[PDB]
>>> print(open('run08.cif').read())   # mmCIF, C-alpha atoms; chains and numbers go by the auth columns
data_final
#
loop_
_atom_site.group_PDB
_atom_site.id
_atom_site.type_symbol
_atom_site.label_atom_id
_atom_site.label_comp_id
_atom_site.label_asym_id
_atom_site.label_seq_id
_atom_site.Cartn_x
_atom_site.Cartn_y
_atom_site.Cartn_z
_atom_site.B_iso_or_equiv
_atom_site.auth_seq_id
_atom_site.auth_asym_id
ATOM 1 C CA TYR A 1 141.639 41.925 170.339 0.00 1 R
ATOM 2 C CA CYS A 2 139.670 44.411 168.065 0.00 2 R
ATOM 3 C CA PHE A 3 137.869 47.057 170.269 0.00 3 R
ATOM 4 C CA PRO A 4 135.089 49.605 169.482 0.00 4 R
ATOM 5 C CA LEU A 5 136.382 53.097 168.490 0.00 5 R
ATOM 6 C CA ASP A 6 135.089 54.378 171.803 0.00 6 R
ATOM 7 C CA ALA A 7 136.543 51.336 173.655 0.00 7 R
ATOM 8 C CA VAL A 8 133.203 50.418 175.280 0.00 8 R
ATOM 9 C CA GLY A 9 130.670 49.360 172.639 0.00 9 R
ATOM 10 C CA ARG A 10 126.926 48.992 173.557 0.00 10 R
ATOM 11 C CA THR A 11 125.852 50.704 176.764 0.00 11 R
ATOM 12 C CA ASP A 12 122.528 51.270 178.563 0.00 12 R
ATOM 13 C CA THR A 13 121.343 54.751 179.574 0.00 13 R
ATOM 14 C CA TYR A 14 121.691 55.799 183.286 0.00 14 R
ATOM 15 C CA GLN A 15 120.490 58.728 185.416 0.00 15 R
ATOM 16 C CA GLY A 16 122.328 59.885 188.544 0.00 16 R
ATOM 17 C CA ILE A 17 120.592 59.100 191.867 0.00 17 R
ATOM 18 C CA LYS A 18 121.517 60.127 195.429 0.00 18 R
ATOM 19 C CA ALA A 19 120.685 58.651 198.848 0.00 19 R
ATOM 20 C CA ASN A 20 118.100 60.188 201.212 0.00 20 R
ATOM 21 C CA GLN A 21 120.007 56.120 204.458 0.00 21 R
ATOM 22 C CA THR A 22 118.263 53.461 202.315 0.00 22 R
ATOM 23 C CA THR A 23 115.972 55.414 199.880 0.00 23 R
ATOM 24 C CA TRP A 24 117.285 56.877 196.593 0.00 24 R
ATOM 25 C CA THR A 25 116.124 59.765 194.497 0.00 25 R
ATOM 26 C CA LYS A 26 116.981 61.317 191.109 0.00 26 R
ATOM 27 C CA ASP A 27 119.914 63.742 191.242 0.00 27 R
ATOM 28 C CA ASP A 28 118.988 66.770 189.184 0.00 28 R
ATOM 29 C CA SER A 29 122.528 68.051 189.002 0.00 29 R
ATOM 30 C CA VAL A 30 123.455 64.954 186.984 0.00 30 R
ATOM 31 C CA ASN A 31 122.532 64.200 183.376 0.00 31 R
ATOM 32 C CA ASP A 32 119.694 61.666 183.083 0.00 32 R
ATOM 33 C CA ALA A 33 120.903 59.871 179.944 0.00 33 R
ATOM 34 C CA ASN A 34 124.513 58.803 180.613 0.00 34 R
ATOM 35 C CA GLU A 35 125.910 56.068 178.411 0.00 35 R
ATOM 36 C CA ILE A 36 127.810 53.613 180.665 0.00 36 R
ATOM 37 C CA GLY A 37 128.707 49.926 180.057 0.00 37 R
ATOM 38 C CA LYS A 38 128.619 47.260 182.764 0.00 38 R
ATOM 39 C CA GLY A 39 131.598 44.838 182.623 0.00 39 R
ATOM 40 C CA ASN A 40 134.427 44.693 180.103 0.00 40 R
ATOM 41 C CA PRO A 41 134.691 46.589 176.819 0.00 41 R
ATOM 42 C CA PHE A 42 133.121 44.790 173.876 0.00 42 R
ATOM 43 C CA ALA A 43 135.937 42.968 172.015 0.00 43 R
ATOM 44 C CA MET A 44 136.553 40.610 169.104 0.00 44 R
ATOM 45 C CA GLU A 45 139.498 38.307 168.907 0.00 45 R
ATOM 46 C CA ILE A 46 141.966 37.599 166.099 0.00 46 R
ATOM 47 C CA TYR B 1 139.002 37.904 160.403 0.00 1 B
ATOM 48 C CA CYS B 2 138.116 39.274 163.991 0.00 2 B
ATOM 49 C CA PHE B 3 135.597 36.929 165.799 0.00 3 B
ATOM 50 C CA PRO B 4 133.362 37.434 168.897 0.00 4 B
ATOM 51 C CA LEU B 5 134.833 35.994 172.134 0.00 5 B
ATOM 52 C CA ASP B 6 132.239 33.142 172.116 0.00 6 B
ATOM 53 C CA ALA B 7 132.914 32.642 168.346 0.00 7 B
ATOM 54 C CA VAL B 8 129.199 33.045 167.440 0.00 8 B
ATOM 55 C CA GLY B 9 127.986 36.629 168.051 0.00 9 B
ATOM 56 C CA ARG B 10 124.218 37.273 167.835 0.00 10 B
ATOM 57 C CA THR B 11 121.847 34.339 168.401 0.00 11 B
ATOM 58 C CA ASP B 12 118.130 33.733 168.882 0.00 12 B
ATOM 59 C CA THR B 13 116.600 31.666 171.662 0.00 13 B
ATOM 60 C CA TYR B 14 115.348 28.132 170.832 0.00 14 B
ATOM 61 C CA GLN B 15 113.315 25.511 172.663 0.00 15 B
ATOM 62 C CA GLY B 16 113.831 21.777 172.071 0.00 16 B
ATOM 63 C CA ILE B 17 110.988 20.067 170.178 0.00 17 B
ATOM 64 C CA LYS B 18 110.219 16.438 169.288 0.00 18 B
ATOM 65 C CA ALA B 19 108.175 14.840 166.524 0.00 19 B
ATOM 66 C CA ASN B 20 104.948 13.287 167.910 0.00 20 B
ATOM 67 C CA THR B 21 104.138 14.697 161.348 0.00 21 B
ATOM 68 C CA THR B 22 103.371 16.824 164.440 0.00 22 B
ATOM 69 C CA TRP B 23 105.929 18.650 166.644 0.00 23 B
ATOM 70 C CA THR B 24 105.628 19.276 170.371 0.00 24 B
ATOM 71 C CA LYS B 25 107.753 20.788 173.105 0.00 25 B
ATOM 72 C CA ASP B 26 110.464 18.483 174.474 0.00 26 B
ATOM 73 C CA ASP B 27 110.441 19.011 178.210 0.00 27 B
ATOM 74 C CA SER B 28 113.995 17.501 178.791 0.00 28 B
ATOM 75 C CA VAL B 29 115.463 20.282 176.799 0.00 29 B
ATOM 76 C CA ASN B 30 115.957 23.778 178.090 0.00 30 B
ATOM 77 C CA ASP B 31 113.482 26.123 176.378 0.00 31 B
ATOM 78 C CA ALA B 32 115.930 29.071 175.928 0.00 32 B
ATOM 79 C CA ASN B 33 119.095 27.835 174.135 0.00 33 B
ATOM 80 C CA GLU B 34 121.268 30.437 172.376 0.00 34 B
ATOM 81 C CA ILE B 35 122.083 29.077 168.921 0.00 35 B
ATOM 82 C CA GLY B 36 123.157 31.070 165.819 0.00 36 B
ATOM 83 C CA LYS B 37 121.920 30.207 162.312 0.00 37 B
ATOM 84 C CA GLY B 38 124.642 30.423 159.653 0.00 38 B
ATOM 85 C CA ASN B 39 128.337 31.373 160.006 0.00 39 B
ATOM 86 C CA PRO B 40 129.867 32.972 163.109 0.00 40 B
ATOM 87 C CA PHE B 41 129.744 36.778 163.218 0.00 41 B
ATOM 88 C CA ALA B 42 133.015 38.165 161.774 0.00 42 B
ATOM 89 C CA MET B 43 134.821 41.415 160.853 0.00 43 B
ATOM 90 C CA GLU B 44 137.608 41.511 158.336 0.00 44 B
ATOM 91 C CA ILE B 45 141.013 43.244 158.447 0.00 45 B
#
>>> encode(input="run08.cif", output="structure tokens")
Amino acid sequence: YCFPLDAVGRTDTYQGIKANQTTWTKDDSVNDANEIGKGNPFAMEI
Amino acid sequence: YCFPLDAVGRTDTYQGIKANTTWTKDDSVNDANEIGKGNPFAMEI
């Protein structure tokens, strides 16, 4: 495999949330635009 | 070349159509098929 230079590739943007129990709220001690991928790193095969 | 794991890479979504010349939706075909036009996406090393 070929992998992205950052070893992840495309990500969505995530904010940190904390539980208040079953209700969640934004966590203001966490950055609100974290780049995180779901699943495996993007790859190409050769 | 390096190729995507599914050997295609980016695709658009296509519905099946049939000639009725006039064309209409073909209901026995899924309306959201991923098919690429052209060659598979590739990188070169």
>>> closest_atom_pairs(input="run08.cif", of="chain B", to="chain R", cutoff="8 Å", atoms="all atoms listed in the file", output="tab-separated table")
residue	atom	partner	partner_atom	distance
B:1	CA	R:46	CA	6.4
B:2	CA	R:46	CA	4.7
B:3	CA	R:44	CA	5.0
B:4	CA	R:44	CA	4.5
B:5	CA	R:44	CA	5.8
>>> write_last_selection(input="run08.cif", atoms="C-alpha atoms", output="PDB file, in the coordinates of the input")
ATOM      1  CA  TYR B   1     139.002  37.904 160.403  1.00  0.00           C
ATOM      2  CA  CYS B   2     138.116  39.274 163.991  1.00  0.00           C
ATOM      3  CA  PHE B   3     135.597  36.929 165.799  1.00  0.00           C
ATOM      4  CA  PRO B   4     133.362  37.434 168.897  1.00  0.00           C
ATOM      5  CA  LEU B   5     134.833  35.994 172.134  1.00  0.00           C
TER       6      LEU B   5
END
>>> residues_around(input="run08.cif", residues="region 7-20 of chain R", least_positions_apart="5", cutoff="10 Å", atoms="only C-alpha atoms", output="VMD selection string")
chain R and resid 2 25 to 43
>>> residues_around(input="run08.cif", residues="residue 15 (chain B)", least_positions_apart="3", cutoff="12 Å", atoms="only C-alpha atoms", output="ChimeraX atom specification")
/B:12,18,23-35
>>> residues_around(input="run08.cif", residues="residue 8 (chain B)", least_positions_apart="2", cutoff="6 Å", atoms="only C-alpha atoms", output="VMD selection string")
chain B and resid 6 40 to 41
>>> atom_distance(input="run08.cif", atom1="CA of residue 5 (chain R)", atom2="CA of residue 9 (chain B)")
18.5 Å
>>> closest_residue(input="run08.cif", among="B:16, B:22, B:11, B:43", to="residue 4 (chain R)", atoms="only C-alpha atoms")
B:43
>>> atom_distance(input="run08.cif", atom1="CA of residue 19 (chain B)", atom2="CA of residue 36 (chain B)")
22.1 Å
